[PDB]
Structures are given as structure tokens and as C-alpha cells.
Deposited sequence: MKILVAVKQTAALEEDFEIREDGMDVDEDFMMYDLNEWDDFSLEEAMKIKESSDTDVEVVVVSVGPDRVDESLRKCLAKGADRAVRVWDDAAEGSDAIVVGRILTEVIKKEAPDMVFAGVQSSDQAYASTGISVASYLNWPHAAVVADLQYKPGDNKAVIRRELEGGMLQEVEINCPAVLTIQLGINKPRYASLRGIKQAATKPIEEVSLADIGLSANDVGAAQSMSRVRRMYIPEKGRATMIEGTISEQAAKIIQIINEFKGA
């Protein structure tokens, strides 16, 4: 019994970041990398299944990305993931959610897991597309925005609750194997902030440059830019006077 958890190492930007010369991306000098927040919850859900079962459950994390990603993978192993796999070649640079979905699917075909988990979305790009793209290439049952999972290893159905707008959930019975995208709050990840990573090339999974990268993506980046955004009226000075202004705002309100 195996659960495959697709994970992304996301980039967050430092203050005073700049757009790079080509105008196509932010300058990498301003990026800080860490595991996608949704992936903490997905991984913990796989581990909960592993702990609840007398039967062995192999938890495999997989990421498509350059060598910086190994740090995040190493940390997943330390939290109890059984195996970690990084897929990359330089030709994969600029692969969108749908191409990433393709690449992940080539690993998954070989791993032949019983369930696939992915995050609802990435904190950086927030495509909310990658996991459901994987479901398409696998031609598997799927559900997005899963807030609860009732599933025993080997079962041919699961019961999930999707988290809807406006404070409601929906129970859905879904055939397994399935792809689920996992929402914040499904569980309380346990480790909240020398087995190696398995390194896989595009060749290892039957792909080449012509299958991946920006040329195969479903849209083309024209530019990336810092838009003019709304500006608050900033209250400077001491805490006493900042609080004094708040109270005046409250009083003006009533």
C-alpha cells in the first residue's frame, strides 16, 4: 500500500525585490524557498493513514524541481516520509501546472500508488491546477479542496468532505485510487516550523526537452511586473500615538 504525495518547494520574495532584466520573472537573489504550506497538511494526512494502519503504508514524496528542492525533500524524510524523489532536467525550466502534471504522472505510472495527494494550491503562483492536471493524465477519480478524508488502506472507495464557499462542506464518496487536493486545516501537522533523495532525470521517465518547459505550457508569460497597488494611510510615530489614532478612527466610526 502506497501513498504518493506531490510536493512543491515555493518561493517567497524579500522586500525590495526587482524584476529581472528580461522582465519575465523576479530576480532569484530575492527568493527564499520552503515547502508549500498545503504540502505540510497533505504529508501529515498520508502519515496519519500510515499510523492508523496495521498494514504497511509507504509514503513517497515527489517534487519536480532543481537541486534546491532536495533540502525540502530531506525535511520530509525526517518527518517520516519513506522515500523522496526529485525529478529534473534544465529543459524543464518554465513548465506550468499542466506540464508539471504530465511529468508527475510519468513518475506515478511507475510508482503505481494507491492514492495521490497534492495541495489545493501553491503559495507562490496559486494556480490551483497541478494536482487535478495529474488526475487527468492518470485518468483517475478526483476531488479538489478536501477538508476531511475517511479512508482505510485497500478500500475501493473513500469519503471526503470538500470545503465550499460560505462555511459549508460537501460529503462525496469517491472511487479509489484517486487524486485528492488537500486543504489547509484537514489536520494539525505535527512538526510545524541518511537515506538519500532519489534523483530522476527526464530520460529516466521517457521524456525529453520537447515534452516540457515553457514552450509546452498552456500560456506564455509576456512579462511580470510590480503593479501600482492601493496605498494605506500609514500612521507613523509612537505606539501611544498609533493607538491614539485608532481610537479616534473608532470614535469617528462610533
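J.: Which segments of the deposited sequence lack C-alpha coordinates in the modelled structure, numbering from residue 1?
T.: No coordinates exist for the deposited residues in 194 to 201, 263 to 264, so these stretches are absent from the model.
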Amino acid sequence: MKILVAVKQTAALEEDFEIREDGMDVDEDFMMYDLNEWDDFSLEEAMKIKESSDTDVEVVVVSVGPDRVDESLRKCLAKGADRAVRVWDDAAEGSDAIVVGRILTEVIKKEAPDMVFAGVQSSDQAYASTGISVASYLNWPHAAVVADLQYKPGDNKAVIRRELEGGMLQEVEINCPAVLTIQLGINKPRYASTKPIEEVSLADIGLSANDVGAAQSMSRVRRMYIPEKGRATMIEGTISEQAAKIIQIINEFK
From here on, numbers count along this sequence of modelled residues.
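Heads up, when I say rigid core I mean the largest set of C-alphas that superpose within 1.5 Å between the two forms.
J.: So which moves more in 5 other deposited structures of this protein by CA, 223 to 231 or 59 to 67, given a superposition on the core?
T.: Looking at 59 to 67 and 223 to 231 in 5 other deposited structures of this protein, the bigger mover is 223 to 231.
J.: Tell me whether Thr194 turns out to be unmodelled in at least a third of the other entries of this protein, restricted to those that model residues on both sides.
T.: Yes, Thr194 lacks coordinates in at least a third of the other entries compared.
J.: If you take the mean CA temperature factor per stretch, which one wins between 12 to 20 and 240 to 248?
T.: Mean CA B-factor is higher for 240 to 248.
J.: Do the C-alpha atoms of 221 to 229 or of 23 to 31 have the higher average B factor in the entry?
T.: Taking the mean C-alpha B-factor of 23 to 31 and of 221 to 229, the larger value falls to 23 to 31.
J.: Which one of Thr194, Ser63, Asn187, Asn36 shows the biggest C-alpha B-factor in the PDB entry?
T.: Of the candidates given, the C-alpha B-factor peaks at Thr194.
J.: For the listed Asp90, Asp82, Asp124, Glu171, which has the peak Cα B-factor recorded in the PDB entry?
T.: Out of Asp90, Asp82, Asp124, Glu171, the record gives the largest C-alpha B-factor to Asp90.
J.: State the tercile, meaning the lowest, middle or highest third, of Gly131 with respect to the CA B-factors recorded for its chain.
T.: Lowest third - that is where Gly131 ends up once the chain's C-alpha B-factors are sorted.
J.: Relative to the other modelled residues of the same chain, rank the CA B-factor of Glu198 and answer lowest, middle or highest third.
T.: Middle third - that is where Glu198 ends up once the chain's C-alpha B-factors are sorted.
J.: Going by the entry, which third of its chain does the Cα temperature factor of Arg162 land in?
T.: According to the entry, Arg162 has a C-alpha B-factor in the chain's lowest third.
J.: Sorting by Cα B-factor within the chain, modelled residues only, which third would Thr181 end up in: lowest, middle or highest?
T.: CA B-factor rank for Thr181: lowest third.
J.: Taking the chain's C-alpha temperature factors as the reference, tell me which third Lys152 falls into: lowest, middle or highest.
T.: Its C-alpha B-factor belongs to the highest third of this chain's values.
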